[PDB]
Amino acid sequence: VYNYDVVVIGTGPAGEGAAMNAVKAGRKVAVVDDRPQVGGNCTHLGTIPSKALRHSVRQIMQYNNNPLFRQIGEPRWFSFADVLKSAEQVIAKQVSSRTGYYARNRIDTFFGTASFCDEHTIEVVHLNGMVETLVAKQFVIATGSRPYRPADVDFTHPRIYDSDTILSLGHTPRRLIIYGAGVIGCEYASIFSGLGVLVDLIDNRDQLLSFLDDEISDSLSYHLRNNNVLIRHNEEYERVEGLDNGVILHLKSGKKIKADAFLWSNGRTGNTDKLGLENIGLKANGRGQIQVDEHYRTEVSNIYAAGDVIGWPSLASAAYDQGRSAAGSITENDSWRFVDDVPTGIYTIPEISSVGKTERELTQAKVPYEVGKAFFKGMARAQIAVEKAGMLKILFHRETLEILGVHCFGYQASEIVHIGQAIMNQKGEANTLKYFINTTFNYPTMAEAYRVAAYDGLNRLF
Amino acid sequence: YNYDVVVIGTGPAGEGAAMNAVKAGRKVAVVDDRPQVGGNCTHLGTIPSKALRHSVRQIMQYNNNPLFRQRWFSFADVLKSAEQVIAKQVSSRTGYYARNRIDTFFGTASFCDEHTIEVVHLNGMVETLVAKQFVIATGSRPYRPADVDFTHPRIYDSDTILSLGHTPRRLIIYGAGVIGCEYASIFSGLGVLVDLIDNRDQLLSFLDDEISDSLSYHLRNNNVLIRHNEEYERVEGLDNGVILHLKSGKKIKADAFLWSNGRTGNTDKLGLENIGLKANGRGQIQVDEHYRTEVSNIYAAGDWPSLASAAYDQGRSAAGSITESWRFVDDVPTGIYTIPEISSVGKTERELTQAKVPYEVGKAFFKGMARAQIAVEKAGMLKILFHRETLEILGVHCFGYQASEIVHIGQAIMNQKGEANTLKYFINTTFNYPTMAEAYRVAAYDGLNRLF
Amino acid sequence: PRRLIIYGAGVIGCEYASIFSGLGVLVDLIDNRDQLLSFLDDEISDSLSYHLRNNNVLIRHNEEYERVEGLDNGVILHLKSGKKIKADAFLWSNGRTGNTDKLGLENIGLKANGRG
Amino acid sequence: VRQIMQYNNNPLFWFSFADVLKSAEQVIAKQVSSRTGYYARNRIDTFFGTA
Ligand SMILES: Cc1cc2nc3c(=O)[nH]c(=O)nc-3n(C[C@H](O)[C@H](O)[C@H](O)COP(=O)(O)OP(=O)(O)OC[C@H]3O[C@@H](n4cnc5c(N)ncnc54)[C@H](O)[C@@H]3O)c2cc1C
Ligand SMILES: Cc1cc2nc3c(=O)[nH]c(=O)nc-3n(C[C@H](O)[C@H](O)[C@H](O)COP(=O)(O)OP(=O)(O)OC[C@H]3O[C@@H](n4cnc5c(N)ncnc54)[C@H](O)[C@@H]3O)c2cc1C
């Protein structure tokens, strides 16, 4: 039997943020996670491995396409294991840093499966015995989610994978099939295309990432097509069949596609079945998500849920800040803020980032805006980076010069979009495009785009 | 020829001034003595050095990456990559000039009176140009003291160093300036024992002490030998290597030599005495807050701070002042592109201590940064100086990979007025992950712990 | 011209937009549909739109004109969505009408629809 | 050569042989890179020697 003030379930970004914010408030807090090591999906099976894979693929592409490195010999193809082995050092460093953060503030951890009993009692169960019941006044739910696994699709087949088991690949397949045009699907399609795999990406919609800007989606589709990715639109699978040497997918429309592997990336389902939330009396929808208010509090006054478990936006930074806000709400130390605006980020090759309104929404809302474009092809920093494809678009109000939406696609997109976001968050006349002409930047960087694009807007203004 | 505004120099200052003036609807023209547009920024200064540094970083990462092991290269092969970037930049600038109907004259410009100039090319040209407004963007050149033989094949400057054909075994850099530090870092990355010589006791004293100390430690760990408080006595060029005798009594022998001490304005050929303008010892032109010289219709911009972006902004501000958009370029984020990069904005810790401002320090080390770990660049640091009571940001300093792109968020938060410029923004704003911009958040939290 | 506005994303409009972009003019193509040449394949339309965007052509989607005012130094087009675009010229390529009004088809019982 | 001919005989507006031949190396480099990629993707072993 153990007693605490705040107990967090799951050590992901939401759980870590909630635990840190709560322990900063002076309470005694504990964390529970069924994985043998801390970090959550952000470090073990999700963000960190995929990002290391993407960075290694980008380095491979740049090394192969750099003439200076071609004098040593001919281009060499590399196995998937060698590319993935670079993620082990990164995940080890990250888990060491996270456990050091936990230990420095003296936060107790319990590496075992969690299970709810009542409004205060939880049965943290290990693999062997370890009832180890815990009682606390406040609870944070950061159980996250797992890849969606339809019953009609078998996953025990060695040639069929999901967003988690794909890292278990031993050899680079000649071909590949990706179902679902989500963030994970597009990222893996870009990575495998960089590795040199004819990826047959399958989408359930007619446009890739319809929630993004039309121009950005069109450019991404063109680049994917130019990088051996075959994109099929308005498709629904009918049956997937595993063979000895490949996987054959028969679509509803009548097309059958055979590849050497398969990767399902269509949605995620919250990990709430093992929680036993019915003992609390709370309910989970078909998506496995938990309804929370603007204070990140569930129906029970002492039960708080935040992060990827609640569904939208399912972003690691967003989950982290949501957990911190939920902990602030628990402690009522005026640190709460409803996470609503999150800069959308897609980590393909190259990257995509967005903040604020899109062009289609602005057109529907009849806002008198204007467009300022800056193309990476004419950029000194981009030319030195040997990365020429890309663009940045700034949507700015014509009369008040207010910024209504910033969208970028290319190299360092996520780092670039942050300055536009910072200018966006300003109130009143401070949110102005003229800042980009009234402030000196560094050179040669990619931030100079915010200069050039601004000019491309001001010329269109009369 | 008759025009409204005539600009001398096609660098960032001149190009910006010409573009801003032509945006006003006037008829403008540009003159330069280089056979191609771009200025020293693209042809001899910024762009070639940046390409060299990026190639050095790439080869260093390739060598250190275990995946790429299953290989030293000559200096010429490394420098070859800059030609494509230079060609693309000059093509883009020529397209920008042509699309705007900008007349270009490729010859040295000399002043005749307050309104007209003579353009002389390589083959004895004479062209008269008269305009109401003039812009001076002649840039600068490396300072050349008399007592050093720059004609020696083993002695170079910040310009002729690109003429190197073979990578030297040892090298000497005089002057601990931004250019000197950048070249020392590049040559150290290439694998050359660089002996940097500094006149003062601290590298880049205008920077924060912590940043300078970290940079010095990294340079020392990267085969660069830094000597402090030294002044040259005599440079002697032997057939095999350059020998420098210092005032302290030391003799240093190397296979090359680079001079990066100071810059000299390119005003001797302008003949400013024909219009009533004088140049100081360093060849600079005194200007007011409007970037205007003593003559009412003569304006000078660009090549302090001698920054390409700052020169661009100064040229655009001078053009706006001519057309009546003016803004005095005073606060420029200092950026040194060594390996790793260094950037700073706002007041440093020494100035805050002198002024007794009650501030506090929030740190976020890049060693624990996830994105930095993926980049395999763990050495770094992000320091934020924030006012304790009103939570205003008084200084942002960064030393690491992608420092320049990081510092711009702190600069954007800085320029806000009053309560808007607050550190708590970094707590109430969702960043991208995994990014090193989100490191800001960590730093902010590392500050909020120290509050009470 | 310094700048140019093209109304209608038809064959003629796209051809002239490409020509003027090649000449080095910032073309602002205006389309009444959400996609360029919806009767064509999605991949081909996407590639053409990407090339036009990369070649200084600014494509705006789902727009309908409200008033084309002719200034002395340019033309300002006011759209239904609230966007006003100023250029140094203007080109109309929205459909064609049959040249049958002058034929006088009523003398033979023949008639033409609204499209001529 | 055809482009040179159409340049000289165009109302809108000699060349050294080396300058004219200079354009072929970009094409040959692109072609050899593409063929090497084709060989490597399907895993065909190469031996650069006299058989
Ligand atoms: C390939 C890939 C790449 C991604 N890249 C990004 C990216 O770049 N940026 C981004 O923002 N997001 C990214 N994501 C999304 C990412 O998964 C989430 O944004 C985030 O990592 C989840 O945060 P969380 O703490 O809410 O969930 P989690 O981190 O998944 O929290 C769940 C944790 O609790 C444990 N747990 C689960 N059930 C129980 C239980 N019953 N008892 C005890 N412990 C339990 C789990 O084992 C896990 O450790 C990516 C996802 C994938 C799959
Ligand atoms: C190695 C190196 C690295 C640098 N890196 C950076 C960096 O990363 N960032 C940064 O911001 N700055 C950097 N700089 C500084 C940069 O070179 C200057 O800040 C900037 O280029 C000056 O702009 P300008 O147009 O005023 O001068 P210039 O670019 O020098 O423009 C002067 C032009 O006019 C021509 N000219 C000169 N005299 C005459 C005449 N009498 N008649 C006609 N034409 C004439 C010159 O040939 C030249 O083309 C670097 C400098 C060096 C040497």
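On alpha carbon coordinates alone, what is the Rg over Rh value for the stretch B:321-380, Rh being the Kirkwood radius?
Result: Rg/Rh = 1.15.
Where the centroid of each part is defined by its Cα atoms, how far is the stretch B:51-87 from the stretch B:400-442 in Å?
Computed from Cα coordinates, the inter-centre distance equals 32 Å.
Evaluate E = 1/(1 + (r/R0)^6) for C:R67 and B:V130, where r is the Cβ-Cβ distance and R0 equals 45 Å; express this FRET efficiency to the nearest 0.05.
The computed FRET efficiency comes out at 0.55.
Here are some pairs, A:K373/B:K363; A:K366/A:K393; B:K347/B:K417; A:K373/C:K83; which of them have Cα atoms lying more than 24 Å apart in this structure?
A:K373/B:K363, as the Cα separations exceed 24 Å there.
Only Cα pairs under 8 Å and at least 6 apart count here; give the relative contact order of the stretch C:3-64 as a rounded whole percent.
Averaging sequence separation for qualifying contacts and normalising by length gives 39 percent for the stretch C:3-64.
Once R0 is set to 56 Å, what does the formula 1/(1 + (r/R0)^6) return for the Cβ-Cβ distance between B:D77 and A:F338, expressed as a FRET efficiency to the nearest 0.05? Provide the component values of the computation, followed by the final result.
Working: r = 55 Å, r/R0 = 0.99.
It comes out at approximately 0.50.
Specify the inter-centroid distance of the stretch B:120-183 and the stretch A:196-269, based on alpha-carbon positions, in whole Å.
Rounded to whole Å, the Cα centres lie 56 Å apart.
Counting only C-alpha contacts under 8 Å and six or more residues apart, can you give the relative contact order of chain C as a whole percent?
Reported relative contact order: 28 percent.
Would you mind getting the Kirkwood hydrodynamic radius of the stretch B:34-79 from its Cα pairs, rounded to one decimal in Å?
Numbers: mean 1/r = 0.0810 Å⁻¹.
It works out to 12.3 Å.
Under 19 Å Cα to Cα from B:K278, which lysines show up? Leave out anything in the same chain fewer than 8 places away.
Partners within reach: B:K269.
In the structure shown, do any of A:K51/A:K85; A:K377/C:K86; A:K51/A:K93; B:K88/D:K30; A:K388/D:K30; A:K137/A:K274 have a Cα-Cα gap over 23 Å, and if so which?
Pairs exceeding 23 Å: A:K377/C:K86.
Assuming 1.567 mPa s and 4 °C, estimate D for the protein assembly as shown with Stokes-Einstein, Rh taken as the Kirkwood radius over Cα pairs, in µm²/s.
Answer from the Stokes-Einstein relation: 40 µm²/s.
Give me Rg/Rg_expected for the stretch A:342-410, where Rg uses Cα atoms only and Rg_expected = 2.2 N^0.38 Å with N residues.
Output field value: 1.22.
Rank the residues B:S306, A:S253, A:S329 as a footprinting-exposure proxy: fewest other Cβ atoms within 10 Å of their Cβ go first. Walk me through the numbers before you get to the answer.
Values: B:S306 16, A:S253 10, A:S329 24.
Going from sparsest to densest Cβ surroundings: A:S253, B:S306, A:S329.
Modelled label-to-label distance, A:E236 and C:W92, 7 Å Cα→beta-carbon offset: nm?
Those two pseudo-labels are separated by 4.5 nm.
Taking 56 Å as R0, compute the FRET efficiency from the Cβ-Cβ separation of A:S168 and A:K366 and round it to 0.05. Please report the intermediate quantities before stating the final value.
On the way: r = 51 Å, r/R0 = 0.91.
So the FRET efficiency works out to roughly 0.65.
For a footprinting-style exposure proxy, rank B:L391, B:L215 by other Cβ within 10 Å, fewest first.
B:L391, B:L215
Could you give the dipole magnitude of chain B about its Cα centre, charging the beta-carbon of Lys and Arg +1 and that of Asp and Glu -1, in debye to the nearest 20?
Values: 48 positive and 50 negative charges, 273 e Å.
Using Cβ point charges on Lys, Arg, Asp and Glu, chain B gives about 1320 debye.
On average over all directions, what projected area in square nanometres does the stretch A:378-462 have, based on the convex hull of its Cα atoms?
Value for the stretch A:378-462: 5.3 nm².
Could you work out the Rg to Rh ratio of the stretch B:229-349, with Rh taken as the Kirkwood radius (inverse of the mean 1/r over all Cα pairs)?
1.10
Fewest to most neighbouring Cβ within 10 Å: what's the order for A:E299, B:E230, C:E64? Walk me through the numbers on the way to the answer.
Working: A:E299 13, B:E230 19, C:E64 10.
Lowest count first: C:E64, A:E299, B:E230.
When you have a sec, figure out the Kirkwood radius of chain A from all distinct Cα pair distances and drop it here in Å to one decimal?
This gives a value of 24.1 Å.
Once chain C is represented by equal point scatterers at the alpha-carbon sites, with solvent omitted, what log10 I(q)/I(0) does the Debye formula produce at q = 0.10, 0.23 Å⁻¹?
The calculated log intensity ratios at q = 0.10, 0.23 Å⁻¹ are -0.37, -1.26.
Taking Rh as the Kirkwood radius computed over C-alpha pairs, what is the Stokes-Einstein D of the stretch B:109-209 at 37 °C in a medium of viscosity 0.692 mPa s, expressed in µm² per second?
The Stokes-Einstein estimate is 188 µm²/s.
When a/c is below 1.5 the answer is rounded, else prolate if a/b is larger than b/c, else oblate, so apply that to the stretch B:411-452 with a ≥ b ≥ c taken from the square roots of the Cα gyration tensor eigenvalues.
Taking the square roots of the gyration eigenvalues as a ≥ b ≥ c, the stretch B:411-452 is oblate.
Expressed as a rounded percentage, what relative contact order does the stretch B:83-200 have, with Cα pairs under 8 Å and six or more residues apart? Walk me through the numbers before you get to the answer.
Numbers: 91 pairs, mean separation 14.9, N = 118.
This gives 13 percent for the stretch B:83-200.
In nm, give the distance between the simple-model label positions of B:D149 and B:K269, each being 7 Å from the Cα along the Cα-to-Cβ direction.
2.7
For chain B, what does -39500 (n - 2.57) per DSSP helix run (n ≥ 4), summed and divided by total residues, give at 222 nm, in deg cm²/dmol to the nearest 500?
-9500 deg cm²/dmol
Every number here is computed from the coordinates shown, using simple stated rules; none is lab data. Heads up, the Cβs are rebuilt from the backbone with ideal geometry, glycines too, and the neighbour counts pull from every protein chain shown.
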